[PDB]
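*Asks:* From first to last, the protein sequence lines are chains D, A, C and B.
In this text, residue positions in the first sequence follow PDB author numbering: the first is 205, and each later residue adds one.
Just so we're aligned: the second sequence equals residues 966 to 1306, 1324 to 1358 in PDB author numbering.
In this text, residue positions in the third sequence follow PDB author numbering: the first is 251, and each later residue adds one.
Just so we're aligned: the fourth sequence equals residues 7 to 163, 171 to 239, 251 to 274 in PDB author numbering.
Idealized CB from N, CA, C, for every residue including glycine.
Would you mind keeping the following structure in view while I ask a few things?
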Amino acid sequence: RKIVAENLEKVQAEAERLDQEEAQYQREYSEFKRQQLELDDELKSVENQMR
Amino acid sequence: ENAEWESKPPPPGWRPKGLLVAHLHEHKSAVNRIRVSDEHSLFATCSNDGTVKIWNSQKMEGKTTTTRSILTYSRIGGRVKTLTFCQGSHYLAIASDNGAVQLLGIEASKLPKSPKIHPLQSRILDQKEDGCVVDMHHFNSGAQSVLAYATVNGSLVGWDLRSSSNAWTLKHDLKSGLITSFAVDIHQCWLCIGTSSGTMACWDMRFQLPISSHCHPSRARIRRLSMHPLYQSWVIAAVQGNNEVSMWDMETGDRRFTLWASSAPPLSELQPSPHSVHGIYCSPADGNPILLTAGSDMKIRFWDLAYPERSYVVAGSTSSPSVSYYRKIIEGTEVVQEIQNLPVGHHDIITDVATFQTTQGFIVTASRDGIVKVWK
Amino acid sequence: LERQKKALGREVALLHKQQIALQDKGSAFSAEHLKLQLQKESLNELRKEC
Amino acid sequence: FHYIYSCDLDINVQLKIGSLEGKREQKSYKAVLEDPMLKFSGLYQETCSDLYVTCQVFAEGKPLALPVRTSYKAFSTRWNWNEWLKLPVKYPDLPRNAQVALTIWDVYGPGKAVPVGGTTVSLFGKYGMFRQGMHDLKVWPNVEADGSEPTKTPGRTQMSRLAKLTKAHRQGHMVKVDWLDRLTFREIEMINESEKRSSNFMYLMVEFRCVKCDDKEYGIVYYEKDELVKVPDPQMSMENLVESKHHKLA
């Protein structure tokens, strides 16, 4: 029983690590998507001006 | 109870004929916001060239003198991407892409031959803790001049402008998607946050607790939210695609009006159109709300919500054939479709539509090439 | 002994469930990170074109 | 704002014992190995035990009356007393810092009882008002409810923020909206449920006499009804009690 409990504790630690990594990745994705949408808008605008 | 949805300029542009009175062209890259503060008789526009130009509401007529900006300011840097006049106060606010938010006192109280601008406050945000600013709304609740602003990382904050301290700080989940727009109740009792994945969260500003409101079926990108002047629990969302500007209730969370204006089958989701809408001005007026949407097709539409078949367009090209606006129920929603049978209109994507009035209400617009045109 | 054995069994089952969940979460995280990398590359290309 | 003073209100203070909601910790195998009596203890039985919650009013660290038990009630899956205890003390006889100890008990063996908890909640809270409504006290484990002042087993300490705001809502001090609060209240219910679930300690629910013979709208408030001459003399004209004592005696 003690061994099982210790294994659960380590699993929880790794879960916390994964959660922190997820948070960082989500911030990065937010920034990227912001840039992507802005770029698409500017692309369409420049194309219209060219035509 | 005493506060009103009516903005600075009441609606006297009941019916814009499409006439033009000014062609202010001073910006260089892209105008992306317009504000009007009739308390001081001024209005402002920012852009990506790093400038925030202030004009005059009485010189727009240009009937006698030439039309040019009264002031300028290009010291914030970056790419000024929003601004808001501070109600009941003689200063403005701006937020650059550097991640900087600053006030700018406008010397309107004095009226010398030299209009003046003078920075007052400033607040710089990190690039990994908070991120840049995506929105800004001001309301003078109680005796604290609250200036609520959002951030990319998803932490809506309120920066009191009297004691210079945080009033509240709501946190938003970024597992849904980035924030794109939000609106605040007319009496500061709830707010709606739209995302870039269709989610439209909601919040309870009295308890700072979260309340959900709805999603989107096509999981498209929301571009603009607003508060309806009649339904207390209504937010007018403008989803990308099919030139759509739908309306979603929150107590129940379902669609109740779709301003369909595209070729796709009403309420279709088979990716059929690239057009969208960004820019709106709703006004309840005399119990017959008028709604003007200028979008990415270089048109300025005028929807008469009282009678959908009496709506019309007030800008475009000379080769556009006349159209007809329908009114057909579709699975429990009024879907007002639109079907078709020297040009002064804008030649590129329009990014805003305001309406300031001094004697006869005018309409202001700005395209993605810097042009500005004050219709009548 | 019998009561302790029952408790042990319950704990073992819970641990197994949690371990499988952790493995799935890790795989999803790796996939998402790879997608982000590729997306940023494509964004750079689009910038050049613009 | 209407209220009745504690001095005038002459009835018996009543308290409802609700449900002890929580999880009860057990010992290891060696404990039962050394002391076999634990096997026949109440806690080591599969079904919920027939606990009974005593109650005694304290003041200044001094007991004020005898304790009151709970009438026997069988339990099958939960601890749900739902009983209206009657306390020996009355409202006009409660001092300002009166505090009600409440101890839970369980069988340990033939002719012995063992405390399974203990909680102590003040009666007259802040601003000198009798606590009403349905308060969920905390439960300190394996310690008899302590009555000393200050208590070593206190009952009640973003959950705190919502606790204050909810009160201001029903006292009229809040913005008025129907749907928004209809949903937010369920939100607070879920938040409180989660907070209770996370906490390791137990939590004994309890209710006061919010509804009585009089209108419920009233509230109880602590109350009671108490240069010719320069050098003070505070007993100038009174009875000489020592003189009377001597006169009566012989």
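Quick one, are the C-beta atoms of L258 of chain C and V208 of chain D less than 8 Å apart?
*Replies:* Contact: yes.
*Asks:* Identify the contact partners of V1117 of chain A in chain D, using a Cβ-Cβ distance below 9 Å as the criterion.
*Replies:* Within chain D, the residues near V1117 of chain A are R231, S234, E235 and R238.
*Asks:* Measure from the C-beta of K290 of chain C to each C-beta in chain D and report whether the shortest distance is under 8 Å.
*Replies:* Interface residue, yes.
*Asks:* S234 of chain D and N1118 of chain A - do their beta-carbons sit closer together than 8 Å?
*Replies:* In this structure, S234 of chain D lies closer than 8 Å to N1118 of chain A by Cβ.
*Asks:* Please check if any C-beta of chain A sits within less than 8 Å of the C-beta of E200 of chain B.
*Replies:* Yes, its Cβ sits closer than 8 Å to a Cβ of chain A.
*Asks:* Comparing the C-beta of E210 of chain D with each C-beta of chain C, is any distance below 8 Å?
*Replies:* Judged by the 8 Å Cβ criterion, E210 of chain D is not in contact with chain C.
*Asks:* If you draw a straight line from the alpha carbon of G1163 of chain A to that of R1188 of chain A, how long is it in whole angstroms?
*Replies:* Those two C-alpha atoms are separated by around 9 Å.
*Asks:* Apart from the five residues on each side of it in sequence, which residues of its chain come closer than 8 Å, Cβ to Cβ, to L985 of chain A?
*Replies:* Correct list, in chain order: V1326, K1355, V1356, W1357 and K1358.
*Asks:* For the 8 Å Cβ check, are there 3 or more pairs between the segment 182-193 of chain B and the segment 94-107 of chain B?
*Replies:* No contact exists between the segment 182-193 of chain B and the segment 94-107 of chain B.
*Asks:* For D1269 of chain A, tell me which candidate among A:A1280, A:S1002, A:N1253 and A:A1259 has the shortest Cα-Cα distance.
*Replies:* Nearest option by C-alpha distance: A:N1253.
*Asks:* Could you say which of A:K1078, A:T1283, A:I1294 and A:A1259 lies nearest to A1336 of chain A if we only look at CA atoms?
*Replies:* If we check each option's Cα against that of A1336 of chain A, A:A1259 comes out closest.
*Asks:* Do you know offhand how far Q230 of chain D's Cα is from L1139 of chain A's?
*Replies:* Roughly 6 Å separates the two Cα atoms.
*Asks:* Have a look at A:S1287, A:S1161 and A:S1141 and flag the residue whose alpha-carbon is nearest the alpha-carbon of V1099 of chain A.
*Replies:* Taking only the C-alpha atoms, the option nearest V1099 of chain A is A:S1161.
*Asks:* Listing by chain order, which chain A residues have their CB less than 8 Å from the CB of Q253 of chain D?
*Replies:* Result: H1329, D1330 and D1351.
*Asks:* Would you be able to state if there are at least three C-beta pairs under 8 Å between the segment 94-101 of chain B and the segment 49-57 of chain B?
*Replies:* Taking 8 Å as the limit for Cβ pairs, the verdict is that the segment 94-101 of chain B does not touch the segment 49-57 of chain B.
*Asks:* Can you tell me where the alpha helix (DSSP H) holding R174 of chain B begins and where it ends?
*Replies:* Element bounds for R174 of chain B: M172 to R183.
*Asks:* By alpha-carbon positions, which one of A:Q1302, A:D1214 and A:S1074 ends up nearest to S1178 of chain A?
*Replies:* Taking only the C-alpha atoms, the option nearest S1178 of chain A is A:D1214.
*Asks:* Flag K298 of chain C as yes if its beta-carbon sits less than 8 Å from any beta-carbon of chain D, otherwise no.
*Replies:* False, the Cβ-Cβ gap to chain D never drops below 8 Å.
*Asks:* Closer than 9 Å, Cβ to Cβ, to anything on chain D: give me those residues from the segment 261-277 of chain C, in chain order.
*Replies:* Those would be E261, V262, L264, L265, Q268, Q269, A271, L272, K275 and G276, in chain order.
*Asks:* Quick check: is the beta carbon of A217 of chain D nearer than 8 Å to any beta carbon in chain C?
*Replies:* It does not: the Cβ of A217 of chain D has no partner Cβ on chain C nearer than 8 Å.
*Asks:* Is the segment 266-279 of chain C touching the segment 1012-1020 of chain A in the sense that three or more CB pairs, one from each, lie closer than 8 Å?
*Replies:* Contact fails: fewer than three Cβ-Cβ distances are below 8 Å.
*Asks:* Would the beta-carbon of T1032 of chain A be found less than 7 Å away from any heavy atom of the ligand COA?
*Replies:* As far as ligands go, the structure on display features none, and thus does not contain the ligand COA.
*Asks:* Output the residue ranges of the beta strand (DSSP E) runs that lie fully inside the segment 1081-1166 of chain A and measure 3 residues or longer, sorted by chain position.
*Replies:* Qualifying beta strand (DSSP E) stretches, in chain order: 1082-1084, 1101-1104, 1111-1114, 1122-1125, 1130-1134, 1144-1149 and 1156-1160.
*Asks:* What's the gap between the Cα of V149 of chain B and the Cα of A263 of chain C?
*Replies:* About 34 Å.
*Asks:* To the nearest angstrom, report how far apart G232 of chain B and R84 of chain B are at their CA atoms.
*Replies:* Those two C-alpha atoms are separated by around 33 Å.
*Asks:* Ordered along the chain, which non-local residues of its own chain (more than five positions away) have a Cβ less than 6 Å from that of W1124 of chain A?
*Replies:* Closer than 6 Å at Cβ, skipping near neighbours: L1112.
*Asks:* Under 8 Å Cβ-Cβ, which residues of chain A neighbour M203 of chain B?
*Replies:* Result: empty, since nearest Cβ-Cβ is about 10 Å, beyond 8 Å.
*Asks:* Which residues of chain D have a Cβ atom closer than 7 Å to the Cβ of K1140 of chain A, listed in chain order?
*Replies:* The answer, in chain order, is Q230.
*Asks:* For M172 of chain B, go through chain A and note every residue whose CB falls closer than 9 Å to its CB, in chain order.
*Replies:* Neighbours of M172 of chain B on chain A: none; closest Cβ ~11 Å, over 9 Å.
*Asks:* Starting from the N-terminal side, write out each stretch of the beta strand (DSSP E) that is 3 residues or longer and does not extend beyond the segment 69-98 of chain B.
*Replies:* 86-96, all fully within the segment 69-98 of chain B.
*Asks:* Taking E282 of chain C as the query, report the chain D residues whose CB atoms sit under 7 Å from its CB, ordered along the chain.
*Replies:* Here the neighbours are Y229.
*Asks:* What's the gap between the Cα of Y35 of chain B and the Cα of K206 of chain D?
*Replies:* Each residue's Cα considered, the two are about 13 Å apart.
*Asks:* Helix, strand or coil: how does DSSP classify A227 of chain D here?
*Replies:* Of the three classes helix, strand and coil, the one that applies to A227 of chain D here is helix, per DSSP.
*Asks:* Which residues share a DSSP beta bridge with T1037 of chain A?
*Replies:* Partner(s): none; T1037 of chain A has no beta bridge.
*Asks:* Mark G115 of chain B as exposed unless 16 or more other C-beta atoms lie within 10 angstroms of its C-beta, in which case mark it buried.
*Replies:* Burial call: exposed.
*Asks:* Which of helix, strand or coil does DSSP assign to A281 of chain C?
*Replies:* Here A281 of chain C sits in helix by DSSP.
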